[PDB]
Each structure stands twice: as C-alpha cells, then as structure tokens.
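Colleague: Dropping the structure in here first, questions after.
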Amino acid sequence: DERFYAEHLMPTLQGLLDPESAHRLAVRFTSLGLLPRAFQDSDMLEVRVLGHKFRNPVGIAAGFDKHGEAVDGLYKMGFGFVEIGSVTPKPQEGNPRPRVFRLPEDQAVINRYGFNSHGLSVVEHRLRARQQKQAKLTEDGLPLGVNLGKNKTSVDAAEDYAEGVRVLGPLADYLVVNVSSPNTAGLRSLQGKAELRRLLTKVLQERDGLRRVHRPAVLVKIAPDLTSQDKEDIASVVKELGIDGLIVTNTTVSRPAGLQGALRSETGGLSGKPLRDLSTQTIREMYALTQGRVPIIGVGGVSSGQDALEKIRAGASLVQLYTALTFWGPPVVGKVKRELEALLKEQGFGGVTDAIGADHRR
Ligand SMILES: O=C(O)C1=C(C(=O)Nc2c(F)c(F)c(-c3cccc(OC(F)(F)F)c3)c(F)c2F)C=CC1
Ligand SMILES: Cc1cc2nc3c(=O)[nH]c(=O)nc-3n(C[C@H](O)[C@H](O)[C@H](O)COP(=O)(O)O)c2cc1C
Ligand SMILES: O=C(O)c1cc(=O)[nH]c(=O)[nH]1
C-alpha cells in the first residue's frame, strides 16, 4: 500500500537508521525479495529502443545497486529495466562517512559516496552467476544496464572505462560512460569536447571488438550543470561518433534557492524534487540538439506519472528514479506506472512511444 509505506513504514525506518545503513538494508531486503506485492504492465507502456524491448519505461537509476547485488529483486519491484553501478576497475572504499544526507523538507538527498565499489572482478562474477537468467529476462523485455566509473587514483581515465567495457560489456544490454559524478575530482572535465571525443572513441572501439551477442549499446551520462557550450559540444561528439544514447541527468552540485533541509549545504550531488525540472530542461535541450535521433534516458526527480510523462514529452524514451524510492518505498514504482498509463490515455497518446518528444512537435 502506497499510503502505508509513505506515511508509516518509510518514515519510521528512516527515524531508526542513518541514510547509509537504511540503503544497505534496502539492498539486502531487495536481494532477498522482501518486497510488497506489486501493477500489470500494459502494452501501452512497452518501448523499443537501444536494440531492445522494455516492458515498461521506468527503471532504477544507477547508485541504488552499485555492486549488482539485487538485480532480480529490482525487477520484482516492477522496474522495466535495471542499471547497476557505477563500478570502478579496482575495488575502492569511497569517501569517509557520513556521505549521504536526507533533506526531508525538500524531498531530496545529497550524497558524496565517491564511487565506493566492489570492483569489476567481483561484479563480473556476480553477473555471470545469473547471466543466462538475464538473457531470458532481456528477451522478455527486462534489459540490464551497467554503469562504469573510474578509480580515484587512476592515471588514465580512458583506460579505466576501456577495462569496464571489456569486463562488463559482455554481460550488459547497455553500458553507461559515467563522466558526470560530482564526487570524483576532475571527472566532469571529461565531458569537455576534446577529452570526450578521445574517451568515447576508445570506449566505442573496445565495444565494437566484442562478439555480436555480447556487444552492448553505449550511452553517456551527463550532468545537469553543463553550460550551453558544453551541451552543444556533447551533442556534436555524440553525432560524430555514433554514440547510442544519453542518460540525462546525474545529480546537481547547484543548490536551488528555496532548499529548506538543514543539510542543504553539505558537499555532494543533490537529487530528488529540487533537481526535477533542471533535468527535464536538460533532456529537452539535448533532444533538440540531437534532432530527436539519439535515445535519451531521463532521470532526476521522478516520483509520479506526471514527472515521468513530462520527461518523455521533453524527449526521453525511458526514465529512471532513485530518490523517490528512498522516500516512498517500493510502492512508488507501481504508482508511477499506473499514473503514467492514465495520463497517456487522458492526453490522447496511443502509448509511450507516441509521447516521446511530443512537446517539440506542438
Ligand atoms: O532511505 C534512505 O535514507 C536512503 C536510501 C535508501 O536506499 N532507502 C531505502 C530504504 F531504506 C528501504 F528500506 C527500501 C526498501 C526496500 C525493500 C523493501 C522495503 O519495504 C520493507 F522495508 F518493508 F521491507 C523498503 C528502499 F527501497 C529504499 F530506497 C538511499 C540513500 C538514502
Ligand atoms: C545515494 C546516491 C548514489 C548514486 N550513485 C550513482 C552512481 O554510482 N552512478 C551514477 O551514474 N549515478 C548515481 N547516482 C545518481 C542517480 O543515478 C540519478 O542520476 C540522480 O540521483 C537523479 O535521479 P533521482 O532524483 O531520481 O535520484 C546516485 C544518486 C544517489 C542519490
Ligand atoms: O558514487 C558517487 O558519489 C556518485 C556518483 C555519481 O555518478 N553520482 C552521484 O550522485 N554520486
């Protein structure tokens, strides 16, 4: 029940556990399938993109399952697709705790995990243990994405991503080159035109070298804090290299006027409601700059069917959410899907596909 989780369970749980502990428990419970029984996906929610079928367009954003420990439990939660990561080549602990903060009054979160990761090797074996099961899930419209990061002390960023492509690329439907984390020094500078072109050329060559059935689509995840110039350059490089898609957006280092949370000034990436429209507008811009020819996964502040549809109409073929789950719990997934379907009908769309980029055509 949506009300029970939102009004009693989640609030109570958050009053007993600090945010990081709550997240750990969340991963455990999800991996064990301890979830409230979930909404029947209708044909209207089906979407075909990135060379795959997605039974519904709502996925779990990177960061919740960083090490690929609860993939099956997440599909059970109702997500149309799952994205794990970010995963770094070698294992690393990330930043010291506390590194995640709740801003209840803003329905937001600020985190500075710093790419805490079990590493490629561990995640590789974890995914291989269910590789064939995933193959059937994917064929049944439930794709898997793998988000790649880089180690804090890496001297060659491009090689870190290349290694991720070689090790986890064969186990993913799509790979995400995450160059938008605000918690790794100098990482976002990789979004620059020159560095991005060099980086992505290497990533794509590595990807193309994989055997056909193990060749994933490659997407780039960008920040919501890019200048107009940065966006023009990214769009240019994407079209030049044939990048398969974009994930828009990661968390923001900005602090919108109006934040009420006592922890609003903590260093880190802000997620949730305060990021919603900044992300939607970034999706709108990237869609236009790419002439609607580059698939976009919209992410940032999605907690309702309306939030999802606004991003879809802005140009997103798929959407993801994370923060909303931390406030409303598992039931939010079914809620978003139910509201989205109803809105699609009310607005005269035959299905999700018909609504993609609709705002640009009116
Ligand atoms: O809650 C938090 O403060 C934060 C996070 C979080 O993962 N929160 C969740 C949580 F604490 C849970 F218990 C969740 C779950 C996960 C699965 C089942 C659940 O129902 C229960 F507890 F009754 F079993 C609740 C969940 F999905 C979260 F996102 C991530 C950053 C901060
Ligand atoms: C606690 C936390 C950890 C995250 N970790 C990652 C990560 O490792 N890689 C990544 O690409 N994004 C990461 N993100 C960002 C989310 O994938 C997403 O882009 C962003 O939070 C906006 O969506 P939301 O408002 O629904 O949370 C993280 C977000 C949070 C809140
Ligand atoms: O691990 C992290 O701190 C992190 C990575 C990322 O891409 N985004 C985010 O908000 N946090």
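Labels used: A, B, ... for chains in the order of the structure tokens, numbers from 1 for residues in each chain, and numbers from 1 for ligands as shown.
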For ligand 2, return the neighbouring residues as a PyMOL selection string (distance at most 6 Å; only C-alpha atoms and all ligand atoms).
Modeller: chain A and resi 61-63+66+85-86+109+111+115+178+249-251+271-272+299-302+321-324
Colleague: What residues have any atom no more than 9 Å from ligand 1 when counting only C-alpha atoms and all ligand atoms, and can you list them as an NGL selection string?
Modeller: :A and (5 or 9-11 or 13-14 or 17-36 or 63-64 or 73-74 or 77 or 100-102 or 109-111 or 322-331)
Colleague: For residue 340 (chain A), which residue out of A:309, A:259, A:319, A:222 is the nearest one, using only C-alpha atoms?
Modeller: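 Going through A:309, A:259, A:319, A:222 one by one, the smallest distance to residue 340 (chain A) is for A:309.
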Colleague: Contacts of residue 93 (chain A) at 12 Å or less, counting only C-alpha atoms, minus same-chain residues fewer than 6 places along, as JSON, numbers by chain?
Modeller: {"A": [87, 99, 113, 114, 115, 116, 117, 118, 119, 151, 152]}
Colleague: Show which residues sit within 8 Å of residue 181 (chain A), as a count of residues only. Count only C-alpha atoms, and ignore same-chain residues fewer than 2 positions away.
Modeller: 10
Colleague: Just list as number ranges by chain whatever in region 149-212 of chain A DSSP marks as alpha helix (DSSP H).
Modeller: A: 157-168, 193-208
Colleague: Could you pull out the strand (DSSP E or B) residues of region 152-361 of chain A, going by DSSP on the backbone, and write them as a list in words?
Modeller: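 Matching residues, listed in order: residues 174, 175, 176, 177, 178, 217, 218, 219, 220, 221, 222, 245, 246, 247, 248, 252, 269, 270, 271, 272, 296, 297, 298, 299, 318, 319, 320 and 321 of chain A.
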Colleague: Grab the residues selected above and save them as an mmCIF file, in the first residue's frame with N, CA, C and O atoms.
Modeller:
data_model
loop_
_atom_site.group_PDB
_atom_site.id
_atom_site.type_symbol
_atom_site.label_atom_id
_atom_site.label_comp_id
_atom_site.auth_asym_id
_atom_site.auth_seq_id
_atom_site.Cartn_x
_atom_site.Cartn_y
_atom_site.Cartn_z
ATOM 1 N N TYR A 174 23.291 -2.552 -22.160
ATOM 2 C CA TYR A 174 23.843 -1.237 -22.452
ATOM 3 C C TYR A 174 24.847 -0.855 -21.377
ATOM 4 O O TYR A 174 24.751 -1.299 -20.230
ATOM 5 N N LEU A 175 25.837 -0.065 -21.777
ATOM 6 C CA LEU A 175 26.875 0.418 -20.880
ATOM 7 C C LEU A 175 26.721 1.924 -20.749
ATOM 8 O O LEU A 175 26.308 2.596 -21.696
ATOM 9 N N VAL A 176 27.058 2.453 -19.581
ATOM 10 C CA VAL A 176 26.972 3.887 -19.359
ATOM 11 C C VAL A 176 28.344 4.431 -19.010
ATOM 12 O O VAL A 176 28.967 3.981 -18.052
ATOM 13 N N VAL A 177 28.825 5.384 -19.799
ATOM 14 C CA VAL A 177 30.103 6.009 -19.509
ATOM 15 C C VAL A 177 29.708 7.172 -18.611
ATOM 16 O O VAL A 177 29.172 8.188 -19.071
ATOM 17 N N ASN A 178 29.936 6.988 -17.318
ATOM 18 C CA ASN A 178 29.592 7.992 -16.330
ATOM 19 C C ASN A 178 30.702 9.018 -16.154
ATOM 20 O O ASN A 178 31.678 8.771 -15.446
ATOM 21 N N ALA A 217 24.971 -1.530 -26.147
ATOM 22 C CA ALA A 217 24.809 -0.179 -26.650
ATOM 23 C C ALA A 217 25.649 0.642 -25.675
ATOM 24 O O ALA A 217 25.878 0.220 -24.536
ATOM 25 N N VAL A 218 26.125 1.798 -26.117
ATOM 26 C CA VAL A 218 26.931 2.655 -25.258
ATOM 27 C C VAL A 218 26.283 4.025 -25.114
ATOM 28 O O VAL A 218 26.017 4.703 -26.106
ATOM 29 N N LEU A 219 26.025 4.416 -23.871
ATOM 30 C CA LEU A 219 25.418 5.707 -23.583
ATOM 31 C C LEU A 219 26.356 6.521 -22.704
ATOM 32 O O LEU A 219 27.240 5.968 -22.050
ATOM 33 N N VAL A 220 26.166 7.836 -22.704
ATOM 34 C CA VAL A 220 26.976 8.727 -21.880
ATOM 35 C C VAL A 220 26.027 9.413 -20.897
ATOM 36 O O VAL A 220 24.969 9.900 -21.291
ATOM 37 N N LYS A 221 26.385 9.420 -19.618
ATOM 38 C CA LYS A 221 25.554 10.063 -18.606
ATOM 39 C C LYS A 221 26.150 11.429 -18.298
ATOM 40 O O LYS A 221 27.304 11.534 -17.881
ATOM 41 N N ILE A 222 25.352 12.471 -18.501
ATOM 42 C CA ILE A 222 25.813 13.832 -18.296
ATOM 43 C C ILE A 222 25.210 14.542 -17.088
ATOM 44 O O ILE A 222 24.175 14.143 -16.550
ATOM 45 N N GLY A 245 23.239 6.542 -27.108
ATOM 46 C CA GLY A 245 22.250 7.272 -26.336
ATOM 47 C C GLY A 245 22.849 8.091 -25.215
ATOM 48 O O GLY A 245 24.059 8.068 -24.997
ATOM 49 N N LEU A 246 21.987 8.811 -24.501
ATOM 50 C CA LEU A 246 22.403 9.656 -23.390
ATOM 51 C C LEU A 246 21.544 9.433 -22.153
ATOM 52 O O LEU A 246 20.358 9.134 -22.258
ATOM 53 N N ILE A 247 22.148 9.570 -20.979
ATOM 54 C CA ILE A 247 21.386 9.469 -19.744
ATOM 55 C C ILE A 247 21.458 10.890 -19.189
ATOM 56 O O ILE A 247 22.540 11.430 -18.955
ATOM 57 N N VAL A 248 20.287 11.488 -19.000
ATOM 58 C CA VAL A 248 20.159 12.880 -18.574
ATOM 59 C C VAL A 248 19.145 12.955 -17.425
ATOM 60 O O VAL A 248 17.959 12.748 -17.666
ATOM 61 N N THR A 252 23.008 17.246 -9.208
ATOM 62 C CA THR A 252 23.487 18.615 -9.394
ATOM 63 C C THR A 252 24.323 19.127 -8.223
ATOM 64 O O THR A 252 24.040 18.814 -7.064
ATOM 65 N N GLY A 269 26.262 15.692 -4.528
ATOM 66 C CA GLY A 269 25.282 15.827 -5.588
ATOM 67 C C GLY A 269 23.885 15.792 -5.005
ATOM 68 O O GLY A 269 23.556 14.912 -4.210
ATOM 69 N N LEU A 270 23.071 16.766 -5.394
ATOM 70 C CA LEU A 270 21.699 16.875 -4.922
ATOM 71 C C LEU A 270 20.773 16.140 -5.884
ATOM 72 O O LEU A 270 20.891 16.284 -7.103
ATOM 73 N N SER A 271 19.858 15.352 -5.329
ATOM 74 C CA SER A 271 18.906 14.590 -6.130
ATOM 75 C C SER A 271 17.490 14.839 -5.624
ATOM 76 O O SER A 271 17.294 15.525 -4.623
ATOM 77 N N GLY A 272 16.498 14.288 -6.316
ATOM 78 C CA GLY A 272 15.127 14.471 -5.870
ATOM 79 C C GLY A 272 14.366 15.611 -6.524
ATOM 80 O O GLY A 272 14.759 16.122 -7.577
ATOM 81 N N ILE A 296 17.242 8.963 -25.322
ATOM 82 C CA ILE A 296 17.583 9.588 -24.053
ATOM 83 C C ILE A 296 16.860 8.920 -22.893
ATOM 84 O O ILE A 296 15.656 8.665 -22.964
ATOM 85 N N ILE A 297 17.604 8.622 -21.833
ATOM 86 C CA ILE A 297 17.003 8.057 -20.634
ATOM 87 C C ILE A 297 16.948 9.253 -19.685
ATOM 88 O O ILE A 297 17.989 9.794 -19.304
ATOM 89 N N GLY A 298 15.734 9.681 -19.345
ATOM 90 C CA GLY A 298 15.559 10.827 -18.466
ATOM 91 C C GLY A 298 15.551 10.449 -17.002
ATOM 92 O O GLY A 298 14.805 9.561 -16.584
ATOM 93 N N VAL A 299 16.362 11.147 -16.211
ATOM 94 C CA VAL A 299 16.480 10.849 -14.788
ATOM 95 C C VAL A 299 16.643 12.119 -13.969
ATOM 96 O O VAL A 299 17.353 13.040 -14.373
ATOM 97 N N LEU A 318 12.926 6.648 -22.187
ATOM 98 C CA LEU A 318 12.833 5.894 -20.939
ATOM 99 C C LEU A 318 13.168 6.838 -19.785
ATOM 100 O O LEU A 318 13.809 7.867 -19.989
ATOM 101 N N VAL A 319 12.735 6.488 -18.579
ATOM 102 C CA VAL A 319 13.058 7.294 -17.405
ATOM 103 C C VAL A 319 13.545 6.371 -16.295
ATOM 104 O O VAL A 319 13.347 5.155 -16.355
ATOM 105 N N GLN A 320 14.205 6.957 -15.301
ATOM 106 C CA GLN A 320 14.698 6.219 -14.145
ATOM 107 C C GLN A 320 14.409 7.062 -12.909
ATOM 108 O O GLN A 320 14.180 8.272 -12.999
ATOM 109 N N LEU A 321 14.422 6.416 -11.753
ATOM 110 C CA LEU A 321 14.209 7.117 -10.498
ATOM 111 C C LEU A 321 15.024 6.415 -9.427
ATOM 112 O O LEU A 321 15.368 5.240 -9.567
#
Colleague: Using only C-alpha atoms, find each residue in region 97-125 of chain A having at least one atom no more than 12 Å away from region 129-134 of chain A; report its shortest atom-to-atom pair and that distance in Å (one decimal), rows by chain then rising number, as JSON lines.
Modeller:
{"residue": "A:122", "atom": "CA", "partner": "A:129", "partner_atom": "CA", "distance": 11.0}
{"residue": "A:123", "atom": "CA", "partner": "A:129", "partner_atom": "CA", "distance": 10.0}
{"residue": "A:124", "atom": "CA", "partner": "A:129", "partner_atom": "CA", "distance": 8.7}
{"residue": "A:125", "atom": "CA", "partner": "A:129", "partner_atom": "CA", "distance": 6.2}
Colleague: Using the selection just defined, write its residues with N, CA, C and O atoms as a PDB file, in the first residue's frame.
Modeller:
ATOM      1  N   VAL A 122      34.633  -8.561  -8.963  1.00  0.00           N
ATOM      2  CA  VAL A 122      33.542  -9.029  -8.121  1.00  0.00           C
ATOM      3  C   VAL A 122      32.189  -8.922  -8.822  1.00  0.00           C
ATOM      4  O   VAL A 122      31.404  -9.867  -8.815  1.00  0.00           O
ATOM      5  N   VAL A 123      31.916  -7.776  -9.439  1.00  0.00           N
ATOM      6  CA  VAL A 123      30.650  -7.590 -10.132  1.00  0.00           C
ATOM      7  C   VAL A 123      30.552  -8.551 -11.318  1.00  0.00           C
ATOM      8  O   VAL A 123      29.488  -9.104 -11.596  1.00  0.00           O
ATOM      9  N   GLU A 124      31.671  -8.760 -12.002  1.00  0.00           N
ATOM     10  CA  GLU A 124      31.718  -9.666 -13.147  1.00  0.00           C
ATOM     11  C   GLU A 124      31.217 -11.062 -12.768  1.00  0.00           C
ATOM     12  O   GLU A 124      30.363 -11.631 -13.445  1.00  0.00           O
ATOM     13  N   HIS A 125      31.756 -11.617 -11.688  1.00  0.00           N
ATOM     14  CA  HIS A 125      31.346 -12.953 -11.259  1.00  0.00           C
ATOM     15  C   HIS A 125      29.914 -12.972 -10.752  1.00  0.00           C
ATOM     16  O   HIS A 125      29.187 -13.953 -10.932  1.00  0.00           O
TER      17      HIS A 125
END
Colleague: Give me the residues near residue 58 (chain A) as a VMD selection string, where near means some atom within 12 Å (using only C-alpha atoms) and where sequence neighbours in that chain fewer than 4 positions away do not count.
Modeller: chain A and resid 41 45 to 47 54 74 to 75 77 to 83 142 to 143 297 to 299 302 to 305 307 to 309 311 to 312 316 to 322 332 to 341 352
Colleague: Between A:156, A:65, A:233, A:346, which has the minimum distance to ligand 3 (counting only C-alpha atoms and all ligand atoms)?
Modeller: A:65
Colleague: Would you mind telling me which residue in A:40, A:180, A:147, A:121 lies nearest to ligand 3 when using only C-alpha atoms and all ligand atoms?
Modeller: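 Among A:40, A:180, A:147, A:121, it is A:180 that comes nearest to ligand 3.
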Colleague: Considering only C-alpha atoms, can you say which of A:241, A:286, A:263, A:226 comes closest to residue 190 (chain A)?
Modeller: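 Nearest candidate to residue 190 (chain A) out of A:241, A:286, A:263, A:226: A:226.
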Colleague: What is the distance, in Å and to one decimal place, between atom 4 (C, counted along the ligand's line) of ligand 3 and CA of residue 268 (chain A)?
Modeller: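 Result for atom 4 (C, counted along the ligand's line) of ligand 3 versus CA of residue 268 (chain A): 8.4 Å, one decimal.
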Colleague: Compile the contact shell of residue 257 (chain A) as a list in words: residues with an atom at most 12 Å away, counting only C-alpha atoms, same-chain residues fewer than 4 positions apart removed.
Modeller: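 Listed by chain and then number, they are residues 106, 261, 264, 265, 274 and 275 of chain A.
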Colleague: Those residues with N, CA, C and O atoms, as a short mmCIF file (atom, residue, chain, number, x, y, z; two decimals), in the first residue's frame please?
Modeller:
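Once written, part.cif looks like this:
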data_model
loop_
_atom_site.label_atom_id
_atom_site.label_comp_id
_atom_site.auth_asym_id
_atom_site.auth_seq_id
_atom_site.Cartn_x
_atom_site.Cartn_y
_atom_site.Cartn_z
N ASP A 106 12.64 18.88 1.51
CA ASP A 106 12.77 19.14 0.08
C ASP A 106 12.54 17.90 -0.77
O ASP A 106 12.58 17.98 -2.00
N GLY A 261 16.00 21.93 3.80
CA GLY A 261 16.72 20.95 4.60
C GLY A 261 17.88 21.55 5.38
O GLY A 261 18.61 22.39 4.86
N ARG A 264 21.28 21.19 3.62
CA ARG A 264 21.38 21.70 2.25
C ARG A 264 22.77 22.14 1.81
O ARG A 264 23.07 22.15 0.61
N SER A 265 23.62 22.52 2.76
CA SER A 265 24.96 22.97 2.41
C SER A 265 26.06 21.91 2.49
O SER A 265 27.24 22.23 2.42
N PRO A 274 14.06 18.89 -6.07
CA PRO A 274 14.75 20.13 -6.48
C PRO A 274 15.51 20.02 -7.80
O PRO A 274 15.82 21.03 -8.43
N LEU A 275 15.81 18.79 -8.21
CA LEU A 275 16.54 18.55 -9.45
C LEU A 275 15.62 18.27 -10.63
O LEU A 275 16.02 18.40 -11.78
#
Colleague: Which one is closest to ligand 3: A:211, A:150, A:282, A:158? Count only C-alpha atoms and all ligand atoms.
Modeller: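 Comparing A:211, A:150, A:282, A:158 against ligand 3, the winner is A:150.
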Colleague: For residue 225 (chain A), which of A:203, A:253, A:262, A:167 is the closest residue, counting only C-alpha atoms?
Modeller: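 Going through A:203, A:253, A:262, A:167 one by one, the smallest distance to residue 225 (chain A) is for A:253.
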Colleague: In Å, how far is it from CA of residue 144 (chain A) to CA of residue 173 (chain A)?
Modeller: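 The value is 5.4 Å.
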